[PDB]
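Excluded from the calculations below are hydrogen atoms, water molecules and symmetry mates; all remaining heavy atoms, backbone and side chain alike, are included. We name chains A, B, ... by the order of the sequence lines, and we start the count at 1 in each one. Just follow the structure's listing: the first ligand is 1, and inside any ligand the first atom is 1.
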Amino acid sequence: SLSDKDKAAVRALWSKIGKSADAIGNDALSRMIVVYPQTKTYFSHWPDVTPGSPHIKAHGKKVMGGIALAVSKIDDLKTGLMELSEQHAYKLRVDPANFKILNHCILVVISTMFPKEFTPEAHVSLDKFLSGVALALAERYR
Amino acid sequence: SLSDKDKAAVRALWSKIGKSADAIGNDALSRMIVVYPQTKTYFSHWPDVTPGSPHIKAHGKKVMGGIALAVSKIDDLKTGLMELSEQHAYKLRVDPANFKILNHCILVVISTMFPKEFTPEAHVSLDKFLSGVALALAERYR
Amino acid sequence: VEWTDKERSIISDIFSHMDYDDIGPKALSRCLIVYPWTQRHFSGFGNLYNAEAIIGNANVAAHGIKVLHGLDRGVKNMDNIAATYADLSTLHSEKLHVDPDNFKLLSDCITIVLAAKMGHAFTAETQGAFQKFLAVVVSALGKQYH
Amino acid sequence: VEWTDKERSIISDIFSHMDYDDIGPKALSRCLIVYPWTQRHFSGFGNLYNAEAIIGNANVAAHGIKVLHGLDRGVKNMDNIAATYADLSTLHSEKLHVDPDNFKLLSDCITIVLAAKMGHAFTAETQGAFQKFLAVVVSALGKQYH
Ligand code: HEM
Ligand code: HEM
Ligand code: HEM
Ligand code: HEM
C-alpha cells in the first residue's frame, strides 16, 4: 500500500513531469515492443507495430492518460481503474505479467527525461504506485 | 482483491484441509528448497537444509500456522499479517519474489493431498488468496 | 540444459504412464479458469465465461490433448529441444499471436493437474525434473518470438 | 547466447564510456532504497537507516564500484559468460548467501541509472542490448546455486 509519503511523492513528480505524458507514453510503448517483443502479440491488429509509429504514438497518449487517471485516483486505485481493468480483462485479455514490463519501461523513460526529478525517493514511491496500478488493472480478471 | 465468492471458497477449503496444515507445511517447504535451491540462501543458519529435515518439518508447521492466521484475517490481510510482514521485512530481509515460489509449492502440495477438494474454482480463489498473502507480507518492506 | 540420468528417467516414466485424454483437457480447462486471459485464443470454441461451461467444452478438451501431445517430441528430443520446437514457436508467434508467458502458466497448470493424478508419487524430486522439462520446452516455444 | 555485431558494438560503446565511480554508487544506493531487502548483506557498512544515509555511505559507494567492474569480465568474454562467472556464482551462493533474485533487481537499477546518465542516447535498442547483456550475466551468476 501507498503511505501518505508515497502519495505525496507521486503527486509531486507527476506535477513536474505530467506536461510530457504523451511523449513519455510513446517512448515507453516503443521501448516495450522493441526490448520485449513478445508484447507485440497484443497489437497484431495493427500493421505499424514499430517504435514511434502512428498507432504507438497515439496509443502512448491513452496509456499515460491512464496513469494521470491513476494519479488522480491514487487513494483508491481499485475503484479508480475499474473500467480500464474491465477493458484489459475481457476485450483485450492482456496477461498481467505485461504490466510489469511496461512499468519498468516507464521508469526507464522518466529516468531518461527527468533525471533530476527522478530521485531514489521518487523511484521507490513511483514503483510502489505502478505496482499498485498493476494490481488494480488485474481487479476484474478472475 | 478477494470477492465474497473467493472468501467463501478459501474458508470452505481450509475447513476441509486445515487439519493437515502441519504436513502441508513440511511438504511445501521441502519442495521449495529442492525445486528452487536458491531459496536456501535464507536458511544458511541451519545445518540440515534438506527435505523433511527436523528444521524444515518444524518450520513448516509455523509457516502454515501463518497461512491459518491469514485465512482467519482474510477480510483484512494487511492488518492481520503485519507482524509477519515486519519480521520478513526487518529481520529476515526476504525478497518478496520468493513468496510466489512458496505459493506455487503450496498449491502443488494441496493438489497432491486433496485432489477432490482442490477444484479449478478452489484453485483460482486460493491463488488469488495466496497472492493477497504475499502482498500483505510485502507491506512493511518499503 | 544438461540432463542427469535420474532426470531422464523421471520424465520417461511420467510420459509413459501419462493418460493424455484425462490430463490434457483438465490442464487446459484449469488454465482457462485460473488464468482467464488465456481464453484470448479460443473465441469461437463456444461460451466459456463459466467454469462449468469451460470444463464441459469439447473444443477445449480436444485442444488440451493436442497441446499435451506437443510435449512428446521434446521427450524424444531432450538434447535438441530448442531446435525441435522452433517451428512451433514461430507458429505461435506469427500465426497465432500467443503471449509466450501463457506457456509458463499452462505449464504450471499441467504440473498441478499431474500432481493431483500422481498423488504421493509426485515427490519433490519428481516435480523438480518435470518442471525442469517444461521450463526448457517453454523457453523453446518463446525463442522464435521477434 | 547469440550476439549480433551491433549488440557487441553497443556493449563495447557503453562500457568504454562508463563513469564507474558515478554509476556504481548510484546504482547500488538506488537498489538498497528501492529494494531495501538487499541491505541483508551490508550489515557491516555503517548507517543505512534511510535514503540519505545510504547515498551518503562511502562503503556502499565502493561496493557499487566493485559490483559494476564485475561486469568487465563478461564484456571481455561475451561468448563464455556462464563459465567466466562460475566462481563468482559459487561465492555469492555458498559464502555470501545472496538471493540471486537480487541480481536482477540491481541490474534494473543499473539500467535505470545508466538511462539517467545517457539520457536521449539510451535508445530502446541500446536498452535492449544492455539489458540482454545484463540478463546473460545474471543467469550466469545464478548458475552455481544448488
Ligand atoms: C501502465 C499500464 C497500462 C495502462 C495505464 C493502460 C491503459 C490503456 C488505455 C488508456 C487504453 C485505451 C482505452 C480505450 O481506447 O478504450 C488501453 C488500451 C489497450 N491496452 Fe493498455 N494499459 C496499460 C498496459 C497495457 C499493456 C502492458 C498492454 C499489453 C502488452 C496493453 C495493451 C493494450 C491494448 C492492446 C489496448 C488496445 C489498443 C488499440 O486497440 O488501439 N495495455 N490501455
Ligand atoms: C506464504 C508466505 C510465508 C508465510 C506465511 C511465512 C510464515 C512465517 C512464519 C509464521 C515464520 C515464523 C516462525 C517462528 O515462529 O519461528 C516465518 C519465519 C521465517 N520465514 Fe517465512 N513465511 C512465508 C514465506 C517465506 C519465504 C518464501 C521464505 C524464504 C524463501 C521465508 C523465510 C523465512 C525464514 C528464514 C524465517 C525464520 C526461520 C527460522 O530461523 O526459524 N518465509 N515465516
Ligand atoms: C505447453 C505449451 C504448448 C504446447 C506444447 C503446444 C503445442 C501445440 C501444437 C503441437 C499445436 C499444433 C499446430 C498446428 O496447427 O499444426 C498447437 C496449436 C495451437 N496452440 Fe499451442 N501449445 C502450447 C501452448 C499453447 C497456449 C498457452 C495457447 C494459447 C493460450 C496455445 C494455443 C494454440 C492454438 C490457438 C493453436 C492452433 C489451433 C488451430 O489449429 O486452429 N498453445 N499447439
Ligand atoms: C551485477 C551483479 C553482481 C556482480 C557482477 C557482483 C560482483 C561481485 C564482485 C566482483 C565481488 C568481489 C569478489 C571478492 O572480493 O571475492 C562481489 C562480492 C560481494 N557481493 Fe556481489 N555482485 C553482484 C551483485 C550483488 C548483489 C545484488 C549483492 C547483495 C545485495 C551482492 C553482495 C556482495 C557481497 C556482500 C560481497 C562481498 C564483498 C565484501 O566482503 O566486501 N553482490 N560481488
Any residue meeting ring-ring contact (aromatic ring centres under 6.0 Å, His included) with A/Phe129, in chain and number order, not counting sequence neighbours: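 Once residues adjacent in sequence are excluded, A/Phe129 has no partner under the ring-ring contact (aromatic ring centres under 6.0 Å, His included) criterion.
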
Whether C/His69 and C/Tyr20 hold their rings parallel, tilted or perpendicular, with breakpoints at 30° and 60°: parallel

Ring geometry between C/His63 and C/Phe45 (parallel below 30°, tilted from 30 to 60°, perpendicular above 60°):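 Plane angle over 60°, so perpendicular.
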
Heavy-atom gap A/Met32 to ligand 1 smaller than 4.0 Å: yes

D/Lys132, NZ: over 12 other non-hydrogen atoms inside 6.0 angstrom: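 Buried by this count: over 12 neighbours within 6.0 Å.
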
Exceeds 12 heavy-atom contacts within 6.0 angstrom, atom CG of C/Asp19: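 Counting other residues, nucleotides and ligands, CG of C/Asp19 exceeds 12 neighbours.
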
Region of A/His45 engaging ligand 1 - heavy atom pairs below 4.0 Å: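 It is the side chain that gets close, since no backbone atom is under 4.0 Å.
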
Close-contact set for ligand 1 against A/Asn98 heavy atoms, below 4.0 Å: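 Result: 27 (C), 30 (C).
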
Distance filter under 4.0 Å to A/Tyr42 heavy atoms, resulting ligand 1 atoms: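 Heavy-atom distances to A/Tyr42 below 4.0 Å select 29 (C), 30 (C), 35 (C).
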
Salt-bridge criterion met for C/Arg40 and C/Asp99 (N-O under 4.0 Å): no

Salt-bridge contact D/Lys76-D/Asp72 (side-chain N to carboxylate O under 4.0 Å):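 Looking at D/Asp72 together with D/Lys76, the answer is no, because their closest N to O distance does not fall below 4.0 Å.
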
For a quick test of your reading: what N or O donor-acceptor pairs under 3.5 Å do the side chains of residues 49-66 of chain A make, sequence neighbours left out?
| residue | atom | partner | partner atom | Å |
| --- | --- | --- | --- | --- |
| A/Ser53 | OG | A/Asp48 | O | 2.4 |
| A/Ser53 | OG | A/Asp48 | OD2 | 3.0 |
| A/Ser53 | OG | A/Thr50 | O | 3.4 |
| A/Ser53 | OG | A/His55 | N | 3.4 |
| A/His55 | ND1 | A/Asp48 | OD1 | 2.6 |
| A/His55 | ND1 | A/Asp48 | OD2 | 3.2 |
| A/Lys61 | NZ | A/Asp22 | OD2 | 2.5 |

4.5 Å side-chain heavy-atom contact, C/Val98 and C/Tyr145: yes

Straight-line distance of A/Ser131 OG to A/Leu2 CG, nearest 0.5 Å: 9.5 Å

Present, as a list of atom pairs with distances to 0.1 Å, all nitrogen or oxygen contacts under 3.5 Å between ligand 4 and the protein.
| residue | atom | partner | partner atom | Å |
| --- | --- | --- | --- | --- |
| ligand 4 | 20 (N) | D/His63 | NE2 | 3.4 |
| ligand 4 | 20 (N) | D/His92 | NE2 | 2.9 |
| ligand 4 | 22 (N) | D/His92 | NE2 | 3.3 |
| ligand 4 | 42 (N) | D/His92 | NE2 | 3.3 |
| ligand 4 | 43 (N) | D/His92 | NE2 | 2.9 |

Under 2.8 Å from atom 21 (Fe) of ligand 1 - protein N/O/S, by chain and number: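 For atom 21 (Fe) of ligand 1, the protein N, O and S atoms that sit under 2.8 Å away are A/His88 NE2.
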
Distance-only side-chain donor-acceptor flag, A/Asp95 / C/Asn102, under 3.5 Å: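 The answer is yes; a qualifying pair exists.
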
